[PDB]
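Undergrad: show me how the following folds:
(6 chains, ligands or ions: 4)
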Amino acid sequence: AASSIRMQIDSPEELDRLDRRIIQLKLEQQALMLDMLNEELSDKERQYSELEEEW
Amino acid sequence: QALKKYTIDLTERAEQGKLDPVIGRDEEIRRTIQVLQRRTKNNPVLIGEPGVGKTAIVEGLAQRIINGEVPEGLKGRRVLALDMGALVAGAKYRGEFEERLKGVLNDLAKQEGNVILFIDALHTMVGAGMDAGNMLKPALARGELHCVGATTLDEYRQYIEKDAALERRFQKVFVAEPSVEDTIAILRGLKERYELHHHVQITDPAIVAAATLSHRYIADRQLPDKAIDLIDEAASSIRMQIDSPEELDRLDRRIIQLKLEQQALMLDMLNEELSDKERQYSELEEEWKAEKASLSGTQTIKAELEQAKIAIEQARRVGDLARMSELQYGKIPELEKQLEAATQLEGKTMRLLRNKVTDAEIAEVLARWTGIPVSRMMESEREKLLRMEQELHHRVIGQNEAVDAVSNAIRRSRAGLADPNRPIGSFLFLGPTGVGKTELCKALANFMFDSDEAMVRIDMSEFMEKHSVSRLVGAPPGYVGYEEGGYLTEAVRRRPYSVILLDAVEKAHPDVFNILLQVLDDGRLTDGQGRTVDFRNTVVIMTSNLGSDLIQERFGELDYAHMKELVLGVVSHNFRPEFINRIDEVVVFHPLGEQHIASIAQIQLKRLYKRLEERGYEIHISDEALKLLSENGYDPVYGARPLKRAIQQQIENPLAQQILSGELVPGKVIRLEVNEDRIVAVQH
Amino acid sequence: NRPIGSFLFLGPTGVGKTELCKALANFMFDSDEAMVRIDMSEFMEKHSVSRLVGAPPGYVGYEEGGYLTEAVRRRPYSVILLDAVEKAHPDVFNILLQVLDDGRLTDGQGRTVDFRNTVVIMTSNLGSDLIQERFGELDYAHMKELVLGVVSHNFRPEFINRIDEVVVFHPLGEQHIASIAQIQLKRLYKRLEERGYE
Amino acid sequence: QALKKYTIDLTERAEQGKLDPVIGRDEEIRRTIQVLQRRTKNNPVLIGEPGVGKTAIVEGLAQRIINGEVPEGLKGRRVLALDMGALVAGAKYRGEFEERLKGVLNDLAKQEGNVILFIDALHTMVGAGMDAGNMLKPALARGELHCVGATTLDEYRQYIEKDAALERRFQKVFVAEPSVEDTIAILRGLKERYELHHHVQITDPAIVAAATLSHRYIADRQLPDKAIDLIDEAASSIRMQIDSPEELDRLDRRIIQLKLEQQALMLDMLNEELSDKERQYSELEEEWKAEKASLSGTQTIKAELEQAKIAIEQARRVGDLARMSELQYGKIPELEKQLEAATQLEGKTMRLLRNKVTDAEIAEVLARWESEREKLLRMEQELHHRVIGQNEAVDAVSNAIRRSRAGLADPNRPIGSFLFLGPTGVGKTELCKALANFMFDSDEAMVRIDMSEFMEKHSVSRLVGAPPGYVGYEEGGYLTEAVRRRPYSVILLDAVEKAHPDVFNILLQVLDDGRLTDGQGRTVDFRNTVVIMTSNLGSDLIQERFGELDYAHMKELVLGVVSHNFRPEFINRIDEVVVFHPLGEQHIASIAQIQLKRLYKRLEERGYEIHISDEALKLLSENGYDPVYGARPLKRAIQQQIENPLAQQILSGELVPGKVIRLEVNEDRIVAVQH
Amino acid sequence: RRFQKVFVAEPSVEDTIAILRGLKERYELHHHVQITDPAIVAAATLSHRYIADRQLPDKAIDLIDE
Amino acid sequence: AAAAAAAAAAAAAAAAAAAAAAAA
Ligand SMILES: Nc1ncnc2c1ncn2[C@@H]1O[C@H](COP(=O)(O)OP(=O)(O)OP(O)(O)=S)[C@@H](O)[C@H]1O
Ligand SMILES: Nc1ncnc2c1ncn2[C@@H]1O[C@H](COP(=O)(O)OP(=O)(O)OP(O)(O)=S)[C@@H](O)[C@H]1O
Ligand SMILES: Nc1ncnc2c1ncn2[C@@H]1O[C@H](COP(=O)(O)OP(=O)(O)OP(O)(O)=S)[C@@H](O)[C@H]1O
Ligand SMILES: Nc1ncnc2c1ncn2[C@@H]1O[C@H](COP(=O)(O)OP(=O)(O)OP(O)(O)=S)[C@@H](O)[C@H]1O
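TA: Residues are numbered from 1 along each chain as shown, chains lettered A, B, ... in the order given. Ligands and ions are numbered 1, 2, ... in the order given. Find the structure here:
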């Protein structure tokens, strides 16, 4: 259980949610080069950076 | 160095993408990571039945390492699977294997937790030709080694729990035998892999049928492996049945036959017929080449789609920006839509060449792998079932009850309506003596396998003692005939589809009925060595003549039902009642009338004519002789065998008497005429 | 110091008795094969305790262990059925009274195994003629009392009073029949779905 | 040199005095010397159960060779011992055991008739893989080897009667079991060795008491070995108790805790308290050092006493004249008397403590790994600790027990021979249980036999024992295993009147012989057990006529009834038939009260404080009471009518552990309250 | 589990006959003789009938070669 | 250098017995 919680220390999961989201929208905006996705990407990257610094 | 000279990087083939997409089993990978970062009992060891992707679970660890799904402390590590056989070979001089192995030890010490070792079949590390266990066991019992074990449960009992000096280094990391639906998901991912190599397409109902019918029928192999092999084999079956046609063979033999005929005749007309059929041959041949070209373009562009997926995973690891979006939104949708265009074009053009694996492909593969009629009903089987009822009336006149019973049983077998919790025909026969009981069982054997004695005729007239279970089942270990196995375990575990016949079961000593309980409840049987034996594709007919006096007393003036219940009570007196209700249906025979024995006389006379053809003689009987035989070879008390004796005597004694005189010449039809009492053979 | 299960289940056959034992296994013992099926119908003979329990040898059920006590030595966490207690003998009640008082039970081999982690169930059919007859328009408690009087006619009442409770299983008339036939129809539908039929 | 690889020079060890000065057994040693100076068949074997010191017999023979007490064929020989397990365990392949075995024979011939061999585990040498006996066959036969066996009688009859060369290339020398007094003299010889090793002294009455209790409370181990183990482990325990101490640990933890407290406080008072406790700890410490110095001097003077004894034995071997009288008459009495001065000095000064190991230490070692007679003086009180009433039967049974452990009558006749009558349920079986309990050990550590069953010839064949080659064989009769596994128990015979009268013959053989021959050819004794026969023949005769009718005449009346029933030979051998009258309603009510006591004990095991109305107790005692059966219907009826509604209310979520739970009456039943 | 069983069957009666016909041509290469077709049906019939120990088509070849 | 020499490897197997009652 100690090593299990240690694995939980070396997680999180919403980081992966937001990272797949930002790389997916980065793929989309790189294709679209209407957009709105610069702003969506900026919001999600700020959220990801905040949660990352919290981590 | 020697790591590069004797180990195998699993993570390199993970980097090279050669390894299998390990799907499922996430929980055990997690528990493996848990055990890996544990101070004491540091080295995990994998425990399971063989065939369950233990090596694949270690490679799935490697997958999550390269993809970075692991924790950060295990990122950038190394997984080097050491080859024993590389270590063994070149050590020609003394202590070179010692020298090599100690150098590997020193380099592993130098790597300092970066490299994580994995050597399965851990007994080989226990000794590799002093040699390896006494050399590595220091690094084991010092904690410098961070290895991972993987074994079968057999070595976990033998070569692991015996040395309790290795106990506090390990952990029962038990892998369970996986279930049906995880095998289905695994097969979806491995369909996506496997259709590259076999160049075919696989239907998903065929996949769930592979899982279902693999789990139901075989027992020696387990999930996931048996269904995967059914996929791989039936894909090869599709590959072969595409790889050469059959109508081309029909027309090619036709045109070479007409070619030989036309060249022999040199009226003609055969130049014209040969030219038309050669045109047909060339047309179907060129169509065959064009459709094979369709296979070629379709599968090559499918492989290009797969390489696009692999390269975009490479870009996911590396992190290019325009290459990711370029490869995805350019390469994927266009190759997908033109692969679907080639797929619907094959749906247009593939005529003789069904490249999509149906479930019937899987069923035919399974049938020819186990023995059961798993293949779908060719209509030879349907007419064979018409023949089932009829041909049972051929080699057995009379006794229509068990005829119907066995007919219904194999009918409920073939249509899938059987019960996979029990063996198919759990029959018990009864009645008076000599009335076609063993005949009916040989009649089934003649039906099902076209062989009179191809049936396991275990005879319950040997088993009148306690130790006779050790005759038929097998022997417990350490003792005499232990390595030879019994008889029933052999003759079932080879071919699970036969007519297990238990001749005269009342004479066996009543502990053997315990084995019959396990049969006629479960159909898996604890043999003496340790394992089990599936019976649920067999038919267990048991014969006896318990209520002989009762049935020969009262088959007249009684129904079938209360006669059945009355002899049923007799059986209740003789067996265990725990046995008798684990039966499909007791059938009740009865003796024969004159027409029955007259028909049997026709049967035996036809096989007698079959015999005397081989000596070279042919006989047309007087019809009056039928009356004398039916008067002679008849009694209700003793059934049929006085007919065999009467025909044998009254025919073949003067017949053989006069054959050995050299008197009866081959060439004449021997009219067996009669005197007032006897049979007189004539020569005209 | 009494064992967990002490049960006489009265009623006709068919009726879920073995199914009740397996459901009791299914939730108390949480599995199917936590049971040992032994009828007492085979034990009208004088050598019931020998083959059942363990004996001075010369027999068969010695190197096997035995029928009952040594299978509890195999399965100490189990449920015991005893069908057909009307087929009894003096070396049936007495072994069972040692069970009812003790749980630990003297075999032939001399190694008693406790029964206080297990469930002992008996069944019979003695007053089940009356159960087949008059379950309709009669209650449950007075029927249970009258059939317990019937068992007191058949058995010694000092035997049948160490049991926890003797209950009655009624004949399953209509909807039980419809339900269980529907179960077999649905598993038939399931296997023909495996074939591909509706 | 496999002699260096596999053998032990015991002559070297006893020559260096490493070994036991083994005492006694001189006849058997002499017969071994007889065997060892033959021309052929020059090999004795030793037959006895292990732990009788056959090894030590060979050891004492070797010490006699060191002494040179031997005739003129043995002076100068070297006795060497050998295992077979040291040879079998290295058999990887074919021919690796046997290279060792032949190299052994090459060393044996190499020493040229000078070495006497010892080999124990002879029955081991039978089986190793032909394997072992055939290579030793010539040297065992041709006089070129002087092997000495050591094994057990069962292994002799199992193994050594098979190979005839294994028979007559050896010779039997019977090894007996040592007596009580000879064990005492042995331990007297072994006392000084122990007192040298464990640095302490030993009470010699505790030695003979250790011998008594070793025979008494131990069945498996035997002599010398079990008393060796007792005295060694007790001496080690006493040596640990001396070589510690507890009050010093308490005082040391106290002074360091008050030291930390005074260091934290820097009102005080704690410098003064700390100085007082340090002074007391120093007093205890100096007493401890004075005791250890006294025991050090005692052990040194004891070891010098033993060295003087070894020196006077060396003078007996060599033959110095004035050294004998000098060492004896000077060194022995003065060192013994100042060793006794040290003994009384350490009896004075060991306080916190003893060194002389007493028999209570033996009781510790024994019961871990003495009021018997006086409890038997109050044995009637013991029996009425648990069972109320039937005083006369208690008295007569206590009379029989006093005659038994006092040992007046025939010891070949069994202890308890008692037929019991009257109606059951009053506690006859309860009397049996408590009788075996306070008599010997336990309530149900007994044997119960259902003699209601056995009515025919095959029934006798059951309980007696089936003859061989028949049905019920390999675990004896019903009776025979039950007693042979239970050497000290009580036999119970219920419903003796239901039996066929032939089993009474088996009972008569019991009462005369006490050894009883089964079908398995072995007699299982009953002389250390109690037979209890029970019946109920004159039940109604007592129930109708207990009122103001005495014990003796009613006993004689129902005895005449039994004379109408049973054999005159059978009632001849009866010690006494007690009455077992129905007691009363209040005494059976009191037995129900004791059932309520164990009930409340189990409720307190659950943890409930539950009380009762005494009227509720009267209703209980009137629920299931019957004169026809006794208290057992009352027992089960009260048990049901309590356990069902009470635990019904408990599982109804009503009863709380820790409330006033008075079992108040209903109109006919009992309700519990919550207050 | 590193393999696949391929259950080679015991060959039947008439299949043994055809096998013997091809090998009849081969032994008429070697042993300088002629072979009749009743010899073929006799070798099949007899090896299936009398002997028990060995199996088709090994023992029919035993007969023909001998 | 030397060669891995061949061995001898003595092995063994066992027997049960069987005892048989009489009915009467
Ligand atoms: N989770 C899985 N995902 C994909 N394929 C799997 C999975 N588990 C098993 N397999 C397949 O089953 C095979 C079993 O390989 P192995 O690891 O060698 O078998 P094993 O069951 O681990 O036992 P051994 O002794 O190594 S044969 C794999 O190579 C795959 O083909
Ligand atoms: N309806 C039938 N048609 C043809 N032959 C039959 C028929 N009934 C009986 N026979 C003959 O009866 C004989 C039966 O042999 P068995 O099967 O051993 O005897 P059984 O009557 O089936 O039972 P047992 O084992 O002899 S007591 C054979 O020779 C059959 O030819
Ligand atoms: N009330 C019921 N609910 C469900 N199934 C029932 C019910 N009553 C009877 N059955 C079924 O009746 C069928 C008869 O099979 P059995 O269970 O062997 O007979 P029964 O339950 O056992 O009574 P016994 O003890 O065997 S005589 C089974 O399928 C039972 O599940
Ligand atoms: N004559 C004796 N004088 C003193 N002690 C003796 C004598 N005979 C036997 N003993 C004791 O018996 C003890 C038993 O030890 P062992 O010699 O091992 O027993 P054993 O009788 O040889 O049987 P095994 O097989 O060796 S256990 C020895 O330690 C002796 O002290």
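Undergrad: how about the helices in chain A?
TA: Along chain A, the stretches classed as helices by DSSP state H are A:2-9, A:14-32, A:37-54.
Undergrad: quick one: closest of those to residue E:25.
TA: helix A:14-32 (71.8 Å; Cβ to Cβ). All C-beta atoms are positioned from the backbone trio N, CA, C, and that covers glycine.
Undergrad: buried sites along that closest one?
TA: By 16 or more other Cβ atoms under 10 Å in any protein chain shown, the buried positions in helix A:14-32 come out as A:18, A:21, A:22, A:25, A:26, A:27, A:28, A:29, A:30.
Undergrad: now those residues in TSV, with distance to ligand 1?
TA: Shown next, in TSV, are the buried residues of helix A:14-32 (distance: Cβ to the nearest ligand atom, whole Å):
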residue	distance to ligand 1
A:18	29
A:21	28
A:22	30
A:25	32
A:26	31
A:27	28
A:28	32
A:29	36
A:30	34
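Undergrad: so which of the residues you listed is the closest to ligand 4?
TA: Closest approach to ligand 4 among the buried residues of helix A:14-32 (Cβ to the nearest ligand atom): residue A:18, at 77.5 Å.
Undergrad: quick one: the closest residue to the closest one other than its chain neighbours and ligand 3, what's the gap?
TA: In space, and not counting its chain neighbours, residue A:18 is closest to residue A:48: 4.5 Å by Cβ to Cβ, 6 or more residues apart in numbering or on different chains. For residue A:48, the distance to ligand 3 (Cβ to the nearest ligand atom, to the nearest Å) stands at 58 Å.
Undergrad: just to check, residue A:41 is in contact with residue A:23?
TA: No - if you go by Cβ atoms under 8 Å, residue A:41 and residue A:23 don't touch, sitting 9.9 Å apart.
Undergrad: neighbours of residue F:12, how many?
TA: A count of neighbours around residue F:12, defined by other Cβ atoms under 10 Å in any protein chain shown, yields 6.
Undergrad: does stretch A:32-41 come close to chain B?
TA: No - taking Cβ under 8 Å from any Cβ of the partner chain as the criterion, stretch A:32-41 and chain B are apart, separated by no less than 8.9 Å.
Undergrad: residues contacting residue F:19?
TA: Neighbouring residues of residue F:19 by Cβ atoms under 8 Å, 6 or more residues apart in numbering or on different chains: C:57, C:58, D:474.
Undergrad: now do the contacts for the last one.
TA: It stands for residue D:474. C:56, C:57, C:58, C:62, F:19.
Undergrad: got the phi/psi numbers for it?
TA: Taking degrees, to the nearest 10, you get phi -70, psi 0 for the backbone angles of residue D:474.
Undergrad: so how far is residue D:281 from it?
TA: Here residue D:474 is placed at a distance of 68 Å from residue D:281 (Cβ to Cβ, to the nearest Å).
Undergrad: contact partners for residue F:4?
TA: residue B:129.
Undergrad: can you classify it by secondary structure?
TA: For residue F:4, the assignment made with DSSP: H, G, I helix; E, B strand; the rest coil gives coil.
Undergrad: over to residue F:1?
TA: coil.
Undergrad: separation between the nearest residue to it once chain neighbours are set aside and residue B:100?
TA: Nearest residue to residue F:1, sequence neighbours excluded (Cβ to Cβ, 6+ apart): residue B:93, at 4.5 Å. From residue B:93 over to residue B:100 the distance is 11 Å, taken as Cβ to Cβ.
Undergrad: separation between the residue of chain A found nearest chain C and ligand 2?
TA: Across chain A, no residue is closer to chain C than residue A:1, which sits at 24.7 Å (Cβ to the nearest Cβ). For residue A:1, the distance to ligand 2 equals 67 Å [Cβ to the nearest ligand atom].
Undergrad: same check on residue A:28?
TA: For residue A:28, the distance to ligand 2 (Cβ to the nearest ligand atom) stands at 80 Å.
Undergrad: same thing with residue F:23?
TA: Relative to ligand 2, and taking Cβ to the nearest ligand atom, residue F:23 is found at 26 Å.
Undergrad: OK, contacts around the residue nearest the centre of chain F?
TA: Residue closest to the mean C-alpha point of chain F, counted by Cα atoms, centre = their mean, is residue F:13 at 1.3 Å. The neighbourhood of residue F:13, defined by Cβ under 8 Å, 6+ apart, consists of B:478, B:479, B:480, B:482.
Undergrad: what's the closest of those to residue F:9?
TA: residue B:478 (17.7 Å).
Undergrad: quick one: stretch A:28-35 to chain centroid distance?
TA: Distance of stretch A:28-35 from the chain centroid (Cα atoms, centre = their mean, to the nearest Å) equals 19 Å.
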